[PDB]
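# Working through the structure, step by step
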Amino acid sequence: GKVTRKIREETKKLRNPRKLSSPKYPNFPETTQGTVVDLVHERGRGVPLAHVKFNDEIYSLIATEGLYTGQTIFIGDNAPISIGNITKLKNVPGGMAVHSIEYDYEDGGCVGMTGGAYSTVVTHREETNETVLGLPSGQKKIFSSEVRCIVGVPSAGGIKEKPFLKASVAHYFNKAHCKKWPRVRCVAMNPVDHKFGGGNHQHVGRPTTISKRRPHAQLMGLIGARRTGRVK
RNA sequence: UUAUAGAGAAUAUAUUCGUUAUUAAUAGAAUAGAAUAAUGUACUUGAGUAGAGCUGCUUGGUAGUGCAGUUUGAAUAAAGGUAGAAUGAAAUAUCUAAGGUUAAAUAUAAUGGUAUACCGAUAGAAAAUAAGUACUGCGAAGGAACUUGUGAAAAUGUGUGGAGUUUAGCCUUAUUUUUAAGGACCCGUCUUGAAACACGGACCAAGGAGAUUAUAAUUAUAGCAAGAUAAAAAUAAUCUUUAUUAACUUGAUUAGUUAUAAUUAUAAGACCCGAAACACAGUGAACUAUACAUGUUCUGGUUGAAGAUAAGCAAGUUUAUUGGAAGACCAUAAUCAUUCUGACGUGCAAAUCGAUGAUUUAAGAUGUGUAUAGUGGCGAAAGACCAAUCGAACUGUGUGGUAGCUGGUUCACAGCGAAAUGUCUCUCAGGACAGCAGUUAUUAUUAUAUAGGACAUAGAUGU
RNA sequence: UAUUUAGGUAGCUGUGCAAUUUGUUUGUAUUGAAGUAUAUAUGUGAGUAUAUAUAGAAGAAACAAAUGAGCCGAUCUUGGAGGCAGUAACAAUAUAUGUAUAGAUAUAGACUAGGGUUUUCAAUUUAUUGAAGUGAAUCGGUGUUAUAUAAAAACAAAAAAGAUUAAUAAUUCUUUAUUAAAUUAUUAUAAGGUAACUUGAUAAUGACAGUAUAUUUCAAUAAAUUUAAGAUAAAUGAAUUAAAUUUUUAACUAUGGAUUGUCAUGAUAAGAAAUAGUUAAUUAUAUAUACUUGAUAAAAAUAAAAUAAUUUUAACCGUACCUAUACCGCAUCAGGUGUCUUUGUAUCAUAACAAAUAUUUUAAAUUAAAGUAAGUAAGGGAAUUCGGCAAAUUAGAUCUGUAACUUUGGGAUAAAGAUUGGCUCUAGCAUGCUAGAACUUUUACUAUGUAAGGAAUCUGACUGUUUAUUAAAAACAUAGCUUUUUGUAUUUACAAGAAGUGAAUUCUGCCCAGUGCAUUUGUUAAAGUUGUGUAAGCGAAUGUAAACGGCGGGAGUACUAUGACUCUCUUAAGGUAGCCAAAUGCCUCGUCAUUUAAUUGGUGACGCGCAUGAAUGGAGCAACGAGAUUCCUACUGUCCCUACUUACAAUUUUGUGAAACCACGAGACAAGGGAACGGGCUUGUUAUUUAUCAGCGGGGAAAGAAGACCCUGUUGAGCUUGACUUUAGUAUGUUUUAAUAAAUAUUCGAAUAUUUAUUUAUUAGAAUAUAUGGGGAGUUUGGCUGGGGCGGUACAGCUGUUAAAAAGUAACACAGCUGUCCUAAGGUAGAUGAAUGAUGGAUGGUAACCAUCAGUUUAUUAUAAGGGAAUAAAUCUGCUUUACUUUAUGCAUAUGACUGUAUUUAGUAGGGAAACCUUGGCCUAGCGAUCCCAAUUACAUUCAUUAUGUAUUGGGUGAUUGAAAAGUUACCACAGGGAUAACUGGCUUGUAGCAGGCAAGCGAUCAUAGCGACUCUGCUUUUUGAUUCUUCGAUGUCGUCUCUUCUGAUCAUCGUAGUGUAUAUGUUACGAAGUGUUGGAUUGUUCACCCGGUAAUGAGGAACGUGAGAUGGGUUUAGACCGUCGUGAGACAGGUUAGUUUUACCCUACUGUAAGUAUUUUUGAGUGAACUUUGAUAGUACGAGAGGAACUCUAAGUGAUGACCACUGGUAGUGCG
Ligand SMILES: [Mg+2]
Ligand SMILES: [Mg+2]
Ligand SMILES: [Mg+2]
Ligand SMILES: [Mg+2]
Ligand SMILES: [Mg+2]
Ligand SMILES: [Mg+2]
Ligand SMILES: [Mg+2]
Ligand SMILES: [Mg+2]
Ligand SMILES: [Mg+2]
Ligand SMILES: [Mg+2]
Ligand SMILES: [Mg+2]
Ligand SMILES: [Mg+2]
Ligand SMILES: [Mg+2]
Ligand SMILES: [Mg+2]
Ligand SMILES: [Mg+2]
Ligand SMILES: [Mg+2]
Ligand SMILES: [Mg+2]
Ligand SMILES: [Mg+2]
Ligand SMILES: [Mg+2]
Ligand SMILES: [Mg+2]
Ligand SMILES: [Mg+2]
Ligand SMILES: [Mg+2]
Ligand SMILES: [Mg+2]
Ligand SMILES: [Mg+2]
Ligand SMILES: [Mg+2]
Ligand SMILES: [Mg+2]
Ligand SMILES: [Mg+2]
Ligand SMILES: [Mg+2]
Ligand SMILES: [Mg+2]
Ligand SMILES: [Mg+2]
Ligand SMILES: [Mg+2]
Ligand SMILES: [Mg+2]
Ligand SMILES: [Mg+2]
Ligand SMILES: [Mg+2]
Ligand SMILES: [Mg+2]
Ligand SMILES: [Mg+2]
Ligand SMILES: [Mg+2]
Ligand SMILES: [Mg+2]
Ligand SMILES: [Mg+2]
Ligand SMILES: [Mg+2]
Ligand SMILES: [Mg+2]
Ligand SMILES: [Mg+2]
Ligand SMILES: [Mg+2]
Ligand SMILES: [Mg+2]
Ligand SMILES: [Mg+2]
Ligand SMILES: [Mg+2]
Ligand SMILES: [Mg+2]
Ligand SMILES: [Mg+2]
Ligand SMILES: [Mg+2]
Ligand SMILES: [Mg+2]
Ligand SMILES: [Mg+2]
Ligand SMILES: [Mg+2]
Ligand SMILES: [Mg+2]
Ligand SMILES: [Mg+2]
Ligand SMILES: [Mg+2]
Ligand SMILES: [Mg+2]
Ligand SMILES: [Mg+2]
Ligand SMILES: [Mg+2]
Ligand SMILES: [Mg+2]
Ligand SMILES: [Mg+2]
Ligand SMILES: [Mg+2]
Ligand SMILES: [Mg+2]
Ligand SMILES: [Mg+2]
Ligand SMILES: [Mg+2]
Ligand SMILES: [Mg+2]
Ligand SMILES: [Mg+2]
Ligand SMILES: [Mg+2]
Ligand SMILES: [Mg+2]
Ligand SMILES: [Mg+2]
Ligand SMILES: [Mg+2]
Ligand SMILES: [Mg+2]
Ligand SMILES: [Mg+2]
Ligand SMILES: [Mg+2]
Ligand SMILES: [Mg+2]
Ligand SMILES: [Mg+2]
Ligand SMILES: [Mg+2]
Ligand SMILES: [Mg+2]
Ligand SMILES: [Mg+2]
Ligand SMILES: [Mg+2]
Ligand SMILES: [Mg+2]
Ligand SMILES: [Mg+2]
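Conventions and cut-offs
- Residues numbered from 1 in each chain as written, not as in the entry; some residues may be left out.
- Chains lettered and ligands numbered in written order.
- Part of a larger assembly, values for the part shown.
- Heavy atoms only, no water.
- Helix = DSSP H or I, 4+ residues; strand = E, 2+ residues; numbered from the N terminus.
- Rg over C-alpha atoms; globule rule 2.2 N^0.38 Å.
- Contact = heavy atoms within 4.5 Å.
- Areas by Shrake-Rupley, 256 points an atom, 1.4 Å probe, with all protein chains shown as cover.
- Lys, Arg positive; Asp, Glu negative; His and termini not counted.
- Charge placed at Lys NZ, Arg CZ, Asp CG, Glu CD.
- Core = buried A, V, L, I, M, F, W, Y, C linked by side-chain atoms within 4.5 Å.
- Buried < 20%, exposed > 50% of the residue type's maximum accessible area, 1.4 Å probe, protein only.
- Pairing = 2+ DSSP bridges.
- Near = heavy atom within 4 Å.
- Polar contact = N/O pair within 3.5 Å; in protein donor to acceptor, adjacent residues only side chain to side chain.
- Nonpolar A, V, L, I, M, F, W, Y, C, P; charged D, E, K, R; others polar.

The deposited coordinates, according to the entry record, derive from cryo-EM at 3.4 Å resolution.

### Brief notes about the overall build of chain A
Assigned secondary structure in chain A consists of three helices and 12 strands. Its C-alpha atoms give chain A a radius of gyration of 23 Å, more than 25% over the compact-globule value 17 Å for 232 residues. Sequence separation of at least 24 residues holds for 52% of the intrachain contacts in chain A that already meet a minimum separation of 6. Looking at chain A as shown, the accessible area adds up to about 16,100 Å², and 53% of this sits on carbon and sulfur atoms. Seen as two clouds, the 36 positive and the 19 negative side-chain charges of chain A have centres 21 Å apart.

### Focus on the nonpolar core
When a protein is soluble and globular, its nonpolar side chains tend to lie buried together. Grouped together as the largest cluster of nonpolar side chains are 10 residues: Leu89, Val92, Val98, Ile101, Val111, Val121, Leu133, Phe143, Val147 and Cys149. Excluding residues within four positions of it along the chain, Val98 makes contact with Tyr118, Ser119, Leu133, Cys149, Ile150 and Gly152.

### Observations regarding the sheet that holds strand β6 (residues 97-98)
Across the sheet, which stays open at both edges, the four strands sit in the order β6-β7-β8-β9 with antiparallel pairing between neighbours. Edge positions in the open sheet fall to β6 and β9 (140-144), since each of these has one partner strand only.

### Focus: the protein's contact with RNA strand C
Near RNA strand C there are 75 residues, and of these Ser137, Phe164, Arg185, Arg206 and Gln218 occur at the shortest range. Between RNA strand C and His177, the relevant distance is 3.2 Å, taken from a phosphate oxygen to a side-chain nitrogen or oxygen of the residue. At 3.1 Å from a phosphate oxygen of RNA strand C is found a side-chain nitrogen or oxygen belonging to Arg214. Listing elements by their share of the surface near RNA strand C, those giving two or more residues are α1 (5-10), α3 (168-176) and β12 (222-223). Here the surface near RNA strand C is built from residues that sort into 28 nonpolar, 28 polar and 19 charged.

Structure follows, in structure tokens:
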């Protein structure tokens, strides 16, 4: 046969990988004050970024919900908690919304980068100095304290309301996000290109649930499912 | 010009260069003599080695013959290694590993010489050289013709002579030979069977296919013979005859050996020409496909969503304007290819021409630059496209790849003359053994003998 | 001394001729060698010798030697030259005197890619030779970069006119300018305005989407004026052409205190209008606003300034010419190729015409046929056809008017009507647009351009894309819906990877037994330790079907009929909601209705559905479609049935001048035999213009291509998988791993294991074992066979028949059997009337047991069949293990293994008194090599244990004298085969068709007017079979259209004869092939069945007549859909839709044309009696009545055929409007 589509797409990512910003905030020993300068828009991502200014140095950050040009925010380990400020994790009471959490201390940020997605805090445990967070995916993860984070819900709202009612709307989405579009179903192909292909009618003939035990080039279909079907 | 010179060239129908035989100059090498320089003390022995366990390659080496990866890793001459089945033990022989140098006898191109039972311009190298040239391919690469005198055949022109219009050419017999009577389908080839409506062949010249080598055997000839011989080299072995047997136990005997020639068998490109394929090493995105950067992309009409203004009727609701949204509607230039199954169909053209059709601000069209290569790329998916080639591109090598299968195989006369049947076979388009044939040889009561016969006698059988 | 022998394919042996070179001997030649061409002699023949002509330098013979040693063929290799043939195919403007007067076709001009002297001139005839020609501080390159080699179109210091040369000119020359660098002369270091700001007085940027509307800057039109030009027989308030001169707004500041603008949306207490003022007005590629987006629209090098002057200061490379007859397609090729500019009329444009500019020289003609284009048609209007394929009708603009349905947006420009010129005026205001009125005519968008309409069904939601060169679609994509993996992402869950269905509306039923997937607690390798112990995986349990998939059958029960209800086999569950003879139903052209004169078609209903059915999605149509199918209206040469005109090729002339093909073709036919369809062979019948010209497609099984279909080959390739053998990747053990201290557990002070802490290590790996592993890699996938496949094994053994009186012998011929059974069913000694029948005997019967008599093989002998045995080879009783060990040989049987079975020398045993018998079954069947493994007996080496050898058995190949092995190809390839199928032909006639002989009976009695049972004998090649003789280096399949000819087994028409013939109307038989046999609906049809009509719609042949005559509907390559089968690639004589039809110019045949005049005769060939009907005969003959003819005589008509233009109709580059 020939090399299929999945392996040929990953080696096309090594010839020209996709490029993004990775915005991080600095670290400062005591509480300082900074000003918001302007709001911009990037090519790949939907959430707008913000340029703040600490000690006559301009950095880049993800914009929170209510933010206007010229406003003042504070950064430090013991800043007061309000909209757009960045404090330590232990100060916030249970029930609020944070949107950039570093895994360890003195890191930029790891969790909650996209627009419209936020996390919640559920508790504090004074023994061993740990707090449990509620991830946007729905899983409870235990975080160590003394990491610092930003208070508020991120901007850009709910983008998934109105559909791509035309085909032309989805053309410019996948082109900016560097994905392959359109896609051909694997049953329509000839049996050289794909395992499911060929035949006299369009059907599969093999079970579509494939274990994870098998090697890398044999993985296709619903890989390693614990369940299949509508629940009710 | 007799000759230490009769090797060979050149001129014309008796002369020269040389051969033969002698010297000189320069460079290099070796041997010997004479002279100049020079001579003290020296007790070293080879470690992450040799060897074991697991694992892979190599050799004739069989249970390592040799080498390497990983783990482990000794003794120092009162010591260590080896001795053609395995391990353990013992005697007798014989050697001392893990550091270094080394002439001669030996193998073969570019470059220059000397010879020959080799070829003589379709031969000999691709090239008697303005030849690795003219010319072709995007590229790796491919690659010819032509000497000087004589003037054959195929195919034509002019002149003279002759027949008839109902019959090409050939054989026999005839002085009615440019006619008469008899005979006579076109050759080669597979085939039970060919003039066949079975295949190859329009015509002339030149070229063109069982030769060479190794190992065996039979026949003819030559030298010596209980022995036979040009092995390498310089001025021994082998065969008669390994005497049998697995071995022990045992054992005389078919004139040979060396060469020359013809035939047969096996292996070498192997009588000549012919596949679809496989591996090694390299070249292409100028056509066409996709992504990224930078530029360019003619003109006229149709319809009427949000938003806004007024005038009526009385929380609102009818009428008239303004406005110009949409993968909305229609045409020219540009683009594509539904139908006539129109034209053409040794074409204008290795895909064109005419009428009729479809198409319009976009998921469009197009120039240039960078990225993607053949068990690989690109793909709104037809196995489509990747330089007129794609269900695995193109160029060179292994390569004169293998063929139980089609085709061809070159002079005369004389003697002799077949099979299409039995058995075994992954055997049925093929092989081997038996049968039928040919050639040569020795010998006579195996004529006191034989017979695809008859007669006399003794019998077998179940149509 | 052949009085005896002599043919011969495949094949074997002997004697001889030809060519090139080598050693020795003998000889020739310039008064002429070798070669070549004609004769003569000689040899049975391969060949040799001589003579004459030509030419000019070396060659011959004998005895021996070495081979690249003798051509008709190979679709053989290279060169030269024929026929067809001067044939096909192409090129062909006018002038009596000209560097001109006319005609004709074509839009034209600049930068780049490519070309490289083609440029210009001279001389000689799109050629040859020779000279000359390209001038740069400001026109390109050289510079910067596109997130470790990138731009002649992105960014960047600066110029224009006017003339010169045979050819260069933003480059030479004249005139007026600009930039940068080096040297000179001179100098402000700040003023002014309340403010916005003005003047020598620095630190700025390169730099960035698309669409719509409003400005009318320039420019261009239009007008006026001034100089000039060209024409008219005439006439014209003065025409036509050329050159120039002219035709307030936006920000900001100061007062002010509440209104005000645009074509549209508005602006203002974060200060409107109105005043006073300061900056600018970006030149159409501009300015200001508005609108669309999960798209927000590149990088880097790069900066200073006042006034005047100077310069042998500004380097290197290219600057000719062509834009298609100077590029690429082998070419002076109807193809292809980036950007820009271009005048006049043109009331939306388009189309068309004219300017401008560039090219160009001489055959004939009122006449062929058949072609390629363009026109017109009386009457009928789809009757032609698979199908309205091709053509025709409609169309612009203004005014009325507009339905069912609906996803409320659409449908809609629906459909259906009416109007349109020219000239003279009137009326509006926005001043070039729109309404109305009068007059007039061979009536008005129509030169060019410009929608036929309506009603239904199947399928796809829509815009979009695709097999460059036979398929544009119902295929692909798409939004929408759903499932799944990942919290250690250069990117961070509204994100990033993997799959299925296919807009909206309404729904998405049951099953976890099978195969997969996930989660969790019996079997299983190596390495290490004195020894021992510990892996994943497989197996088991629980979930999961918008995962692969699946979703039965039989019996009774309420006048007939049916079964709400009941009983019953099993299973994982037994197709629910829906839908249908549908693109899915074989029987099948299902049943009913409707559409038509007539329907296998279309639409609506019915359902025990061969084989429908729910995201492998079911149901459904509003909008959209060069998709597939049926019916109405209009329209027409598609047809009845064809006719006329023009142009270009063709026919006639000159010039340039080919190809396919060719065994021999010298005239053609009927029958015969033959390799079963002859141009040539055998018997018959026949042509001929002085050697032609133009047509045509019957034949040469015509030409192209070593058949793609089918079969064979111990020949291949693409693809799939539960085929055989393995491997990359990955999971899990063991051993290697920095030191230290401590804790805990397991084994016996010690050995193991687990876990924590510190820093003194921390490049991050290495060596082995087990499992998973079509993601990959090699290779295989028997034979026989009345073609192959499916079925059987006729592939190993045994018996009887075929089988023909010695031995031997075939068929997918006949009837059968075999891979077993037995410690006794083996060995031996002895005794013995078996099976059955008759007559009797308490319970006792057809049949229980006991006696008597008879009893030739009927009984038994393990088994298939055949053979053998009656003091028995059978049944009983006793005793035993010959179901042995060693030397030699034979028979099936052979040229030959393995096997079965008879016989021998010498031992050791059993039965018997002894003679004797015994090496498994009474005889003919139950039969297996080389290599390797296991066992038994002997011995062999310095020593123990082991290994290796000789001998005998067992383990086994059933394809049985013996490889280790699954499929598919419609994407396919190679070598071959008429040794072998699909089509024609040939022998045969079971089947098909057409007739005969005899006479039981029917017919009111009567066999034969007319029929005829049970049986029997034939012909024809017209159905379908059976066989495989000719063709696989090719003979073009079914049906239809057009056209000719032939047969009798006669449908009418003609002549006779029977009758169960009164007339009329029938029916049967004999002679007879002259002439007729005609129109439509449905289906690809042949066949079939209806409507209508007539004198009568007869049966058939000619390669199942006829494709270089046509068409292409089905069948039959590559796209695609449904149903059934297969895990899968795939398959279906089950159903659909779209799919390139080549070549005549040879020979022969056929139609015409081609022999000095003028009058005729004879012979030969063709052709030579079509059919219906009115009136009279006549209401007559004949008949109870009803009814109801004929001979003959007049009047017409249809079908065919030969001519003609007085009348009518069609046509018309002849003629007029
Ligand atoms: Mg496909
Ligand atoms: Mg595959
Ligand atoms: Mg489907
Ligand atoms: Mg040593
Ligand atoms: Mg020669
Ligand atoms: Mg040569
Ligand atoms: Mg004859
Ligand atoms: Mg034959
Ligand atoms: Mg024949
Ligand atoms: Mg043939
Ligand atoms: Mg030929
Ligand atoms: Mg020759
Ligand atoms: Mg070859
Ligand atoms: Mg390679
Ligand atoms: Mg549109
Ligand atoms: Mg055509
Ligand atoms: Mg390369
Ligand atoms: Mg396909
Ligand atoms: Mg190609
Ligand atoms: Mg003979
Ligand atoms: Mg053969
Ligand atoms: Mg033989
Ligand atoms: Mg007798
Ligand atoms: Mg003879
Ligand atoms: Mg030869
Ligand atoms: Mg020849
Ligand atoms: Mg020959
Ligand atoms: Mg030739
Ligand atoms: Mg012409
Ligand atoms: Mg020139
Ligand atoms: Mg010029
Ligand atoms: Mg100039
Ligand atoms: Mg120039
Ligand atoms: Mg120029
Ligand atoms: Mg061009
Ligand atoms: Mg051209
Ligand atoms: Mg004419
Ligand atoms: Mg008409
Ligand atoms: Mg008419
Ligand atoms: Mg019809
Ligand atoms: Mg008809
Ligand atoms: Mg049409
Ligand atoms: Mg009027
Ligand atoms: Mg569509
Ligand atoms: Mg095509
Ligand atoms: Mg289309
Ligand atoms: Mg097409
Ligand atoms: Mg689809
Ligand atoms: Mg749906
Ligand atoms: Mg299950
Ligand atoms: Mg369930
Ligand atoms: Mg049902
Ligand atoms: Mg339906
Ligand atoms: Mg009907
Ligand atoms: Mg003409
Ligand atoms: Mg004949
Ligand atoms: Mg015959
Ligand atoms: Mg002719
Ligand atoms: Mg062939
Ligand atoms: Mg074979
Ligand atoms: Mg293969
Ligand atoms: Mg494979
Ligand atoms: Mg076979
Ligand atoms: Mg017995
Ligand atoms: Mg055999
Ligand atoms: Mg197919
Ligand atoms: Mg072939
Ligand atoms: Mg045959
Ligand atoms: Mg035929
Ligand atoms: Mg019959
Ligand atoms: Mg033919
Ligand atoms: Mg042919
Ligand atoms: Mg008759
Ligand atoms: Mg027939
Ligand atoms: Mg026919
Ligand atoms: Mg044809
Ligand atoms: Mg024909
Ligand atoms: Mg067709
Ligand atoms: Mg299935
Ligand atoms: Mg089918
Ligand atoms: Mg007559």
